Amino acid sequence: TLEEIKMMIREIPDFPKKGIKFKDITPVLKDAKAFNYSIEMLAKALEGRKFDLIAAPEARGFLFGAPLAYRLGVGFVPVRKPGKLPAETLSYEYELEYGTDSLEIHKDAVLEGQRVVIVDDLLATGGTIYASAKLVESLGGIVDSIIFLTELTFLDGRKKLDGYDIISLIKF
């Protein structure tokens, strides 16, 4: 069944750039049952953990993070690219292959003491997630754990995210 989800993920050569094989998640999303199952297995992988909020980075993160928040009866916080959030924000820099970029969170998104599960579609290098984790901590939040639908085990995302509990459903 997870095997079946895995086989439904479309691999696209050289997107966004040559050397990357992109994991296209849209066929999972458009299939009612596959989408439902994906959310259910994410919830299931979080059993036994204590948390108050889900946070996800824009934009593919939202697609699993927001329904999973709904499914778990918790709140949802978007972590966003610069310029998108209207109110006062905090910003955090992360590494790209040959540069840096930033992500932002609203200053009021997480309260001190709140336990947060960070969700995303895929763990690659882990830069966007690292920045998200640090944004949550800057507000007094604690990162309970980090969950992904898929993980690229050749890219050392786990190493970048040292000290965090990392869960992924499908490991490539």
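Heads up: residue numbers just count along the shown sequence, starting at 1.
The stretch 88-96 shows the higher mean C-alpha B-factor when 88-96 is compared against 75-83 in the entry. In this entry, 24-32 has the higher mean Cα B-factor, the comparison being between 132-140 and 24-32.
Split the chain's modelled residues into thirds by C-alpha temperature factor. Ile12 is in the highest one. When the modelled residues of the chain are ordered by C-alpha B-factor, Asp108 sits in the middle third.
In the PDB entry, a CA B factor belonging to the lowest third of its chain's modelled residues is recorded for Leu149. Per-chain ranking of the deposited C-alpha B factor places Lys44 in the middle third. Placement of the Cα temperature factor of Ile166 within the chain: lowest third of the modelled residues, per the deposited record.
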